[PDB]
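J.: My structure file structure.cif, mmCIF, N, CA, C and O atoms, is below:
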```cif
data_model
#
loop_
_atom_site.label_atom_id
_atom_site.label_comp_id
_atom_site.auth_asym_id
_atom_site.auth_seq_id
_atom_site.Cartn_x
_atom_site.Cartn_y
_atom_site.Cartn_z
N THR Y 1 -4.46 41.70 -47.43
CA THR Y 1 -4.48 40.29 -47.88
C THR Y 1 -3.80 39.40 -46.85
O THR Y 1 -2.63 39.61 -46.52
N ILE Y 2 -4.53 38.43 -46.34
CA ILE Y 2 -4.03 37.60 -45.25
C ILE Y 2 -3.29 36.36 -45.77
O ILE Y 2 -2.08 36.41 -45.97
N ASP Y 3 -4.00 35.27 -46.01
CA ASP Y 3 -3.35 34.00 -46.29
C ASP Y 3 -4.25 33.14 -47.17
O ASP Y 3 -5.01 33.66 -47.99
N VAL Y 4 -4.19 31.82 -46.98
CA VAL Y 4 -5.13 30.91 -47.62
C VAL Y 4 -6.51 31.12 -47.01
O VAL Y 4 -7.53 30.70 -47.56
N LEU Y 5 -6.52 31.80 -45.87
CA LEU Y 5 -7.75 32.11 -45.15
C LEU Y 5 -8.56 33.14 -45.92
O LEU Y 5 -8.51 34.33 -45.64
N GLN Y 6 -9.29 32.67 -46.92
CA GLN Y 6 -10.08 33.54 -47.77
C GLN Y 6 -11.56 33.36 -47.51
O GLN Y 6 -12.02 32.26 -47.21
N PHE Y 7 -12.30 34.46 -47.60
CA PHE Y 7 -13.74 34.43 -47.46
C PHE Y 7 -14.36 34.52 -48.84
O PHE Y 7 -14.00 35.38 -49.64
N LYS Y 8 -15.27 33.59 -49.11
CA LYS Y 8 -15.94 33.46 -50.38
C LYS Y 8 -16.62 34.77 -50.78
O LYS Y 8 -16.73 35.10 -51.96
N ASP Y 9 -17.07 35.50 -49.78
CA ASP Y 9 -17.71 36.79 -49.97
C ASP Y 9 -17.70 37.54 -48.64
O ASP Y 9 -16.92 37.20 -47.75
N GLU Y 10 -18.55 38.54 -48.50
CA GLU Y 10 -18.65 39.25 -47.24
C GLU Y 10 -19.37 38.38 -46.22
O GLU Y 10 -19.11 38.45 -45.03
N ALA Y 11 -20.26 37.52 -46.72
CA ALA Y 11 -21.04 36.64 -45.87
C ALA Y 11 -20.15 35.62 -45.17
O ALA Y 11 -20.36 35.31 -43.99
N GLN Y 12 -19.16 35.08 -45.88
CA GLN Y 12 -18.22 34.15 -45.27
C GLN Y 12 -17.42 34.88 -44.19
O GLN Y 12 -17.00 34.30 -43.19
N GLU Y 13 -17.24 36.17 -44.41
CA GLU Y 13 -16.55 37.03 -43.47
C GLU Y 13 -17.47 37.39 -42.31
O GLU Y 13 -17.01 37.67 -41.20
N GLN Y 14 -18.78 37.38 -42.56
CA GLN Y 14 -19.78 37.56 -41.50
C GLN Y 14 -19.81 36.32 -40.61
O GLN Y 14 -20.04 36.41 -39.41
N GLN Y 15 -19.60 35.16 -41.22
CA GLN Y 15 -19.42 33.93 -40.47
C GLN Y 15 -18.18 34.06 -39.60
O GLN Y 15 -18.20 33.76 -38.41
N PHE Y 16 -17.10 34.54 -40.21
CA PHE Y 16 -15.87 34.82 -39.51
C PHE Y 16 -16.12 35.82 -38.39
O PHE Y 16 -15.61 35.68 -37.28
N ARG Y 17 -16.95 36.81 -38.70
CA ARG Y 17 -17.37 37.84 -37.76
C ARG Y 17 -17.88 37.21 -36.47
O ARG Y 17 -17.44 37.55 -35.38
N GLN Y 18 -18.80 36.26 -36.61
CA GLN Y 18 -19.35 35.56 -35.46
C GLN Y 18 -18.34 34.60 -34.86
O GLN Y 18 -18.14 34.59 -33.65
N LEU Y 19 -17.70 33.82 -35.71
CA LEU Y 19 -16.82 32.76 -35.26
C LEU Y 19 -15.64 33.30 -34.46
O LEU Y 19 -15.04 32.57 -33.66
N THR Y 20 -15.29 34.56 -34.66
CA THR Y 20 -14.23 35.18 -33.89
C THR Y 20 -14.77 36.02 -32.73
O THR Y 20 -14.11 36.14 -31.69
N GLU Y 21 -15.98 36.58 -32.87
CA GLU Y 21 -16.50 37.50 -31.86
C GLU Y 21 -17.44 36.81 -30.87
O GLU Y 21 -17.88 37.42 -29.89
N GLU Y 22 -17.76 35.55 -31.12
CA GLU Y 22 -18.50 34.76 -30.15
C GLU Y 22 -17.54 34.07 -29.18
O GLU Y 22 -17.96 33.41 -28.23
N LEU Y 23 -16.25 34.25 -29.44
CA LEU Y 23 -15.22 33.65 -28.61
C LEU Y 23 -14.79 34.63 -27.52
O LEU Y 23 -14.59 35.82 -27.78
N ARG Y 24 -14.64 34.12 -26.30
CA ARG Y 24 -14.28 34.94 -25.17
C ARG Y 24 -12.77 35.04 -25.01
O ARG Y 24 -12.09 34.01 -24.94
N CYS Y 25 -12.26 36.25 -24.95
CA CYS Y 25 -10.88 36.48 -24.55
C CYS Y 25 -10.86 37.06 -23.14
O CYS Y 25 -11.65 37.95 -22.82
N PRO Y 26 -9.99 36.54 -22.27
CA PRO Y 26 -9.94 36.92 -20.85
C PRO Y 26 -9.34 38.31 -20.59
O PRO Y 26 -8.45 38.46 -19.75
N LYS Y 27 -9.83 39.31 -21.31
CA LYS Y 27 -9.42 40.69 -21.09
C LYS Y 27 -10.52 41.66 -21.52
O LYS Y 27 -10.98 41.62 -22.65
N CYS Y 28 -10.92 42.52 -20.59
CA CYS Y 28 -12.01 43.46 -20.81
C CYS Y 28 -11.69 44.46 -21.92
O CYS Y 28 -12.59 45.02 -22.55
N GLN Y 29 -10.40 44.68 -22.15
CA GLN Y 29 -9.97 45.59 -23.21
C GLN Y 29 -9.35 44.82 -24.36
O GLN Y 29 -8.17 44.95 -24.65
N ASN Y 30 -10.17 43.99 -25.00
CA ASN Y 30 -9.73 43.21 -26.15
C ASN Y 30 -10.95 42.70 -26.90
O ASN Y 30 -11.91 42.22 -26.29
N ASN Y 31 -10.93 42.81 -28.22
CA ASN Y 31 -12.10 42.46 -29.03
C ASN Y 31 -12.02 41.01 -29.51
O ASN Y 31 -11.80 40.74 -30.69
N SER Y 32 -12.18 40.09 -28.56
CA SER Y 32 -12.13 38.67 -28.84
C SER Y 32 -10.85 38.31 -29.61
O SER Y 32 -9.76 38.73 -29.23
N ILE Y 33 -10.98 37.54 -30.67
CA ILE Y 33 -9.83 37.22 -31.50
C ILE Y 33 -10.03 37.79 -32.90
O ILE Y 33 -9.25 37.51 -33.80
N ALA Y 34 -11.07 38.60 -33.05
CA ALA Y 34 -11.48 39.08 -34.36
C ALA Y 34 -10.49 40.07 -34.95
O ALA Y 34 -9.75 39.74 -35.88
N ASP Y 35 -10.46 41.27 -34.40
CA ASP Y 35 -9.60 42.33 -34.93
C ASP Y 35 -8.50 42.68 -33.94
O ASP Y 35 -7.84 43.71 -34.08
N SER Y 36 -8.30 41.81 -32.96
CA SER Y 36 -7.25 42.02 -31.97
C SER Y 36 -5.88 41.86 -32.61
O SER Y 36 -4.89 42.44 -32.15
N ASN Y 37 -5.83 41.06 -33.69
CA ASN Y 37 -4.61 40.84 -34.48
C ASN Y 37 -3.51 40.18 -33.67
O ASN Y 37 -2.36 40.10 -34.11
N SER Y 38 -3.85 39.73 -32.47
CA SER Y 38 -2.92 39.05 -31.59
C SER Y 38 -2.32 37.83 -32.29
O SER Y 38 -3.01 37.15 -33.05
N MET Y 39 -1.04 37.60 -32.06
CA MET Y 39 -0.33 36.46 -32.65
C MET Y 39 -1.15 35.19 -32.50
O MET Y 39 -1.48 34.52 -33.48
N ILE Y 40 -1.52 34.92 -31.26
CA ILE Y 40 -2.23 33.70 -30.91
C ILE Y 40 -3.69 33.79 -31.37
O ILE Y 40 -4.30 32.77 -31.71
N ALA Y 41 -4.24 35.00 -31.42
CA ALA Y 41 -5.60 35.20 -31.91
C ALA Y 41 -5.70 34.75 -33.37
O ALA Y 41 -6.68 34.12 -33.77
N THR Y 42 -4.68 35.06 -34.14
CA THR Y 42 -4.61 34.64 -35.53
C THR Y 42 -4.49 33.11 -35.63
O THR Y 42 -5.11 32.50 -36.49
N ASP Y 43 -3.72 32.52 -34.72
CA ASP Y 43 -3.60 31.06 -34.64
C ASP Y 43 -4.98 30.43 -34.55
O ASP Y 43 -5.29 29.47 -35.26
N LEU Y 44 -5.80 30.99 -33.68
CA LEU Y 44 -7.16 30.51 -33.46
C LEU Y 44 -8.04 30.76 -34.68
O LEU Y 44 -8.87 29.93 -35.04
N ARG Y 45 -7.84 31.90 -35.33
CA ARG Y 45 -8.63 32.26 -36.50
C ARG Y 45 -8.38 31.30 -37.65
O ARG Y 45 -9.25 31.09 -38.49
N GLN Y 46 -7.19 30.73 -37.70
CA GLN Y 46 -6.88 29.69 -38.67
C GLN Y 46 -7.80 28.49 -38.45
O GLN Y 46 -8.32 27.92 -39.40
N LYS Y 47 -8.02 28.15 -37.18
CA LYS Y 47 -8.93 27.08 -36.82
C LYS Y 47 -10.34 27.43 -37.29
O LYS Y 47 -11.04 26.59 -37.86
N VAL Y 48 -10.73 28.67 -37.06
CA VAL Y 48 -12.01 29.19 -37.52
C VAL Y 48 -12.16 29.01 -39.03
O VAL Y 48 -13.23 28.64 -39.51
N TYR Y 49 -11.07 29.22 -39.77
CA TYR Y 49 -11.09 29.02 -41.22
C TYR Y 49 -11.24 27.54 -41.57
O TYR Y 49 -12.08 27.17 -42.38
N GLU Y 50 -10.40 26.71 -40.96
CA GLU Y 50 -10.42 25.27 -41.21
C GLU Y 50 -11.81 24.70 -40.96
O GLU Y 50 -12.36 23.99 -41.80
N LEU Y 51 -12.36 25.04 -39.82
CA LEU Y 51 -13.66 24.53 -39.40
C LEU Y 51 -14.77 24.91 -40.38
O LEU Y 51 -15.75 24.19 -40.53
N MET Y 52 -14.60 26.05 -41.05
CA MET Y 52 -15.55 26.48 -42.07
C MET Y 52 -15.66 25.43 -43.17
O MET Y 52 -16.76 24.97 -43.51
N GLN Y 53 -14.51 25.04 -43.71
CA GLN Y 53 -14.47 24.09 -44.81
C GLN Y 53 -14.67 22.67 -44.32
O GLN Y 53 -15.12 21.81 -45.08
N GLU Y 54 -14.35 22.41 -43.05
CA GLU Y 54 -14.60 21.10 -42.46
C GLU Y 54 -16.09 20.81 -42.42
O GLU Y 54 -16.52 19.67 -42.57
N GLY Y 55 -16.88 21.86 -42.20
CA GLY Y 55 -18.32 21.70 -42.18
C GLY Y 55 -18.87 21.82 -40.78
O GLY Y 55 -19.87 21.18 -40.44
N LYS Y 56 -18.22 22.63 -39.97
CA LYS Y 56 -18.65 22.84 -38.60
C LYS Y 56 -19.78 23.85 -38.55
O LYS Y 56 -19.98 24.62 -39.49
N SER Y 57 -20.51 23.85 -37.46
CA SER Y 57 -21.56 24.83 -37.22
C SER Y 57 -20.99 25.97 -36.39
O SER Y 57 -19.89 25.84 -35.87
N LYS Y 58 -21.71 27.09 -36.28
CA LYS Y 58 -21.19 28.26 -35.57
C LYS Y 58 -20.70 27.89 -34.16
O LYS Y 58 -19.54 28.10 -33.83
N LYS Y 59 -21.60 27.33 -33.37
CA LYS Y 59 -21.27 26.94 -32.00
C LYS Y 59 -20.29 25.78 -32.01
O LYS Y 59 -19.51 25.60 -31.09
N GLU Y 60 -20.34 25.00 -33.08
CA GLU Y 60 -19.41 23.89 -33.27
C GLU Y 60 -17.98 24.40 -33.50
O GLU Y 60 -17.02 23.85 -32.96
N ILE Y 61 -17.84 25.45 -34.31
CA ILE Y 61 -16.54 26.07 -34.54
C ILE Y 61 -15.94 26.55 -33.22
O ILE Y 61 -14.81 26.21 -32.88
N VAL Y 62 -16.71 27.33 -32.47
CA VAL Y 62 -16.23 27.87 -31.21
C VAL Y 62 -16.04 26.76 -30.18
O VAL Y 62 -15.12 26.82 -29.36
N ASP Y 63 -16.89 25.74 -30.22
CA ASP Y 63 -16.73 24.59 -29.34
C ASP Y 63 -15.44 23.85 -29.66
O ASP Y 63 -14.74 23.39 -28.77
N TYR Y 64 -15.12 23.77 -30.93
CA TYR Y 64 -13.88 23.17 -31.37
C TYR Y 64 -12.72 23.98 -30.82
O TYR Y 64 -11.71 23.43 -30.38
N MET Y 65 -12.89 25.29 -30.84
CA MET Y 65 -11.92 26.20 -30.27
C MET Y 65 -11.77 25.94 -28.78
O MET Y 65 -10.67 25.75 -28.29
N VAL Y 66 -12.89 25.92 -28.06
CA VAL Y 66 -12.84 25.82 -26.60
C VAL Y 66 -12.44 24.42 -26.13
O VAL Y 66 -11.84 24.26 -25.08
N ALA Y 67 -12.79 23.41 -26.91
CA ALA Y 67 -12.44 22.04 -26.57
C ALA Y 67 -10.94 21.79 -26.75
O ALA Y 67 -10.30 21.16 -25.92
N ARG Y 68 -10.39 22.31 -27.84
CA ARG Y 68 -8.99 22.03 -28.19
C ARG Y 68 -8.05 23.14 -27.72
O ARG Y 68 -6.87 22.90 -27.47
N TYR Y 69 -8.58 24.35 -27.59
CA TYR Y 69 -7.77 25.52 -27.24
C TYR Y 69 -8.35 26.23 -26.03
O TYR Y 69 -8.12 27.42 -25.82
N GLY Y 70 -9.07 25.47 -25.20
CA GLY Y 70 -9.77 26.05 -24.06
C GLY Y 70 -8.87 26.48 -22.93
O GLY Y 70 -9.33 26.66 -21.80
N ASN Y 71 -7.59 26.65 -23.22
CA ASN Y 71 -6.65 27.21 -22.25
C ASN Y 71 -6.79 28.72 -22.25
O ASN Y 71 -6.95 29.35 -21.21
N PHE Y 72 -6.76 29.28 -23.44
CA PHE Y 72 -6.90 30.71 -23.63
C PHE Y 72 -8.33 31.06 -24.04
O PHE Y 72 -8.86 32.10 -23.63
N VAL Y 73 -8.95 30.19 -24.81
CA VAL Y 73 -10.26 30.48 -25.37
C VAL Y 73 -11.36 29.94 -24.46
O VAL Y 73 -11.14 29.01 -23.68
N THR Y 74 -12.54 30.54 -24.55
CA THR Y 74 -13.68 30.10 -23.77
C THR Y 74 -14.98 30.50 -24.48
O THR Y 74 -15.05 31.56 -25.09
N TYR Y 75 -16.00 29.64 -24.42
CA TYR Y 75 -17.27 29.95 -25.05
C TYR Y 75 -18.22 30.55 -24.03
O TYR Y 75 -18.83 29.84 -23.23
N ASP Y 76 -18.33 31.87 -24.08
CA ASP Y 76 -19.18 32.62 -23.17
C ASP Y 76 -19.43 34.00 -23.75
O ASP Y 76 -18.68 34.43 -24.63
N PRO Y 77 -20.47 34.70 -23.30
CA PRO Y 77 -20.69 36.10 -23.67
C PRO Y 77 -19.44 36.93 -23.36
O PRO Y 77 -18.93 36.91 -22.24
N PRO Y 78 -18.93 37.67 -24.36
CA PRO Y 78 -17.68 38.39 -24.25
C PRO Y 78 -17.83 39.66 -23.42
O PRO Y 78 -18.74 39.77 -22.58
N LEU Y 79 -16.97 40.64 -23.66
CA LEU Y 79 -16.98 41.87 -22.89
C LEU Y 79 -18.08 42.80 -23.38
O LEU Y 79 -18.14 43.97 -23.01
N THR Y 80 -18.93 42.27 -24.25
CA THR Y 80 -20.07 43.01 -24.74
C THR Y 80 -21.09 43.24 -23.61
O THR Y 80 -21.56 42.29 -22.98
N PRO Y 81 -21.38 44.51 -23.30
CA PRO Y 81 -22.34 44.86 -22.25
C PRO Y 81 -23.78 44.53 -22.65
O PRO Y 81 -24.23 43.40 -22.38
#
```
Taking this structure as input, can you express it in the form of structure tokens?

T.:
Amino acid sequence: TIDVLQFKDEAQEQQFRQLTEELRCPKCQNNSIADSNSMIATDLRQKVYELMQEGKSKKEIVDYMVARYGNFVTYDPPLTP
């Protein structure tokens, strides 16, 4: 059990699935911000949650991430081969 960050169902978590795994982390040995559980990764995932209820689109969520948090985050194909 995490926080106020709740998924309405598995589908909302599938949205989370994309919204965290479409985000690029600058390390070949790291699974984006999804299950990395990184302190700062969680910080970003909060944004992913907020943007859900704000009414953002998938690329819009990650764009919001990269626009506001584009120091660490980046919108690009991840370490997925």

J.: Atom CA of residue Y:40 and atom CA of residue Y:13 are how many Å apart?

T.: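 Between atom CA of residue Y:40 and atom CA of residue Y:13 the gap works out to 19.3 Å.
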
J.: Neighbouring residues of residue Y:71 were defined as those with any atom within 12 Å, considering only C-alpha atoms; residues of the same chain fewer than 6 positions away were excluded. Please report them as JSON, numbers by chain.

T.: {"Y": [24, 25, 26, 40, 44, 65]}

J.: Take the residues that were just selected and, keeping N, CA, C and O atoms, output them as a PDB file, in the coordinates of the input.

T.:
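Contents of again36.pdb, as written:
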```
ATOM      1  N   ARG Y  24     -14.640  34.120 -26.300  1.00  0.00           N
ATOM      2  CA  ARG Y  24     -14.280  34.940 -25.170  1.00  0.00           C
ATOM      3  C   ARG Y  24     -12.770  35.040 -25.010  1.00  0.00           C
ATOM      4  O   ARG Y  24     -12.090  34.010 -24.940  1.00  0.00           O
ATOM      5  N   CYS Y  25     -12.260  36.250 -24.950  1.00  0.00           N
ATOM      6  CA  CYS Y  25     -10.880  36.480 -24.550  1.00  0.00           C
ATOM      7  C   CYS Y  25     -10.860  37.060 -23.140  1.00  0.00           C
ATOM      8  O   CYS Y  25     -11.650  37.950 -22.820  1.00  0.00           O
ATOM      9  N   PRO Y  26      -9.990  36.540 -22.270  1.00  0.00           N
ATOM     10  CA  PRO Y  26      -9.940  36.920 -20.850  1.00  0.00           C
ATOM     11  C   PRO Y  26      -9.340  38.310 -20.590  1.00  0.00           C
ATOM     12  O   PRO Y  26      -8.450  38.460 -19.750  1.00  0.00           O
ATOM     13  N   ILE Y  40      -1.520  34.920 -31.260  1.00  0.00           N
ATOM     14  CA  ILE Y  40      -2.230  33.700 -30.910  1.00  0.00           C
ATOM     15  C   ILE Y  40      -3.690  33.790 -31.370  1.00  0.00           C
ATOM     16  O   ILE Y  40      -4.300  32.770 -31.710  1.00  0.00           O
ATOM     17  N   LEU Y  44      -5.800  30.990 -33.680  1.00  0.00           N
ATOM     18  CA  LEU Y  44      -7.160  30.510 -33.460  1.00  0.00           C
ATOM     19  C   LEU Y  44      -8.040  30.760 -34.680  1.00  0.00           C
ATOM     20  O   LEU Y  44      -8.870  29.930 -35.040  1.00  0.00           O
ATOM     21  N   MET Y  65     -12.890  25.290 -30.840  1.00  0.00           N
ATOM     22  CA  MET Y  65     -11.920  26.200 -30.270  1.00  0.00           C
ATOM     23  C   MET Y  65     -11.770  25.940 -28.780  1.00  0.00           C
ATOM     24  O   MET Y  65     -10.670  25.750 -28.290  1.00  0.00           O
TER      25      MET Y  65
END
```

J.: Can you tell me how far atom CA of residue Y:70 sits from atom CA of residue Y:2, in Å to one decimal?

T.: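 Atom CA of residue Y:2 lies 24.8 Å from atom CA of residue Y:70.
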
J.: Could you please determine the separation between atom CA of residue Y:3 and atom N of residue Y:45 in Å, to one decimal place?

T.: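 The value is 12.0 Å.
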
J.: Where in chain Y does DSSP assign alpha helix (DSSP H), given as a ChimeraX atom specification?

T.: /Y:10-21,39-54,58-69

J.: Taking the file above as input, evaluate the PyMOL selection byres ((chain Y and resi 77) around 8) and report the hits as a list in words.

T.: residues 21, 22, 23, 24, 25, 74, 75, 76, 78, 79, 80 and 81 of chain Y
